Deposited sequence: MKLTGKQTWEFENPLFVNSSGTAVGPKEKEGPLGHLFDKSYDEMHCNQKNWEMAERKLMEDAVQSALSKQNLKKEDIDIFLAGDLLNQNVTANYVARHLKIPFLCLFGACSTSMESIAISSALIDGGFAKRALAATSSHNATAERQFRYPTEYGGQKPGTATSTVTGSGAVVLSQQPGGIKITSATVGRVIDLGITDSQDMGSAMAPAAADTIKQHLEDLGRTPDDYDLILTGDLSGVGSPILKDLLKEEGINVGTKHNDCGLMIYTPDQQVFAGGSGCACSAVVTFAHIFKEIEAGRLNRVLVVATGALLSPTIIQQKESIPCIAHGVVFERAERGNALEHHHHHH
């Protein structure tokens, strides 16, 4: 069995990130990581007619950057796993239609960036695909349509040697402790990130000392301190080992886990500044209906371990 413990998949065959691509808007371009993205636009329309075509252009850009880096055509990919981080896959389905790659459509939450890589990894490791493409996108301009980073990240994975290996993934379970305040996203998502991180370490018999970095996505300032405290209650001390993507992309539930992980964290690993990193993307599973009814907001966090090859 490749399932280790309760929720962690340990891949047994060689598995690598062969290339990645990122495309972002102006707010991201002006931030500390602005120069690391493959595409970065000076204005939010991304030279497009409207917001829909803007986000579609961001994903197409990110995907073509990833493919270009390996001189791959769309026909060279066996499976495509993608979803929007915010909307109802309005972008992902359009891009899938153009790529013509067999398509597994995932539900768009901020956890989708790692959910798509986890599934892609299992399919490649299980012999169901030679190469997989995983992608997600979001656009600040349309993030309101529930009752946010502007960008998209894509990765190409395969068993062919690359600078970064994927060694395990932990699938999260939905966690909902009550929060209904659509603006209290930090306090709602933290318990999910905590459960997934705790289960991952328990499953692999590891501690934060086995990681160079434990990176969360989308907890930002409010959620991070809560996550650390919750982990301490479980006897898990992340210490200075924890950082959040929402905290690195802008100067002094924003779906930024993918573009920061792909544009920045992967570069750090390939440069040998980080050897093993646990990345946990956390999503608030909501939408108009949920909020329209003042219901609690369920959250989920999925994790993936990347290591220098």
Point to revise | Missing segments of the deposited chain sequence, listed N- to C-terminal | key: 148-163, 269-277, 335-347
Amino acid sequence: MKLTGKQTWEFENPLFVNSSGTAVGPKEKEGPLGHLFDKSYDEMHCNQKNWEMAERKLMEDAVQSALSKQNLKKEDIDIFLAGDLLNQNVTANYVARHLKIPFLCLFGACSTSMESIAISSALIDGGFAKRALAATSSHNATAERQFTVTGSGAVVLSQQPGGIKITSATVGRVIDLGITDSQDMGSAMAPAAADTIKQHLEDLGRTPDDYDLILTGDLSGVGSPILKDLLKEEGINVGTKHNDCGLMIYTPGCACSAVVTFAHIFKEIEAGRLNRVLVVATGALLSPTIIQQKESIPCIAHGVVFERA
From here on, numbers count along this sequence of modelled residues.
Revision key, fill the gap. As the entry reports it, the stretch among 218-226 and 155-163 with higher mean C-alpha B factor is 218-226
**Study point:** Comparing 105-113 with 77-85, the one whose average Cα B-factor in the PDB entry is higher
**Key:** 105-113
Check your understanding: Between 13, 22, 19, 292, which carries the biggest CA temperature factor in the record?
Key -> 292
Point to revise | Residue with highest C-alpha B-factor in the PDB entry, from 281, 63, 33, 254 | key: 254
Review point. Among the chain's modelled residues, which third holds the C-alpha B-factor of residue 55?
Key: middle
Review point. Among the chain's modelled residues, which third holds the C-alpha B-factor of residue 261?
Key: lowest
Check your understanding: Among the chain's modelled residues, which third holds the C-alpha B-factor of residue 72?
Key -> middle
Practice item. Sort the modelled residues of this chain by their C-alpha B factor and say whether residue 140 lands in the lowest, middle or highest third. Key: highest
Review point. Going by the entry, which third of its chain does the Cα temperature factor of residue 37 land in?
Key: lowest
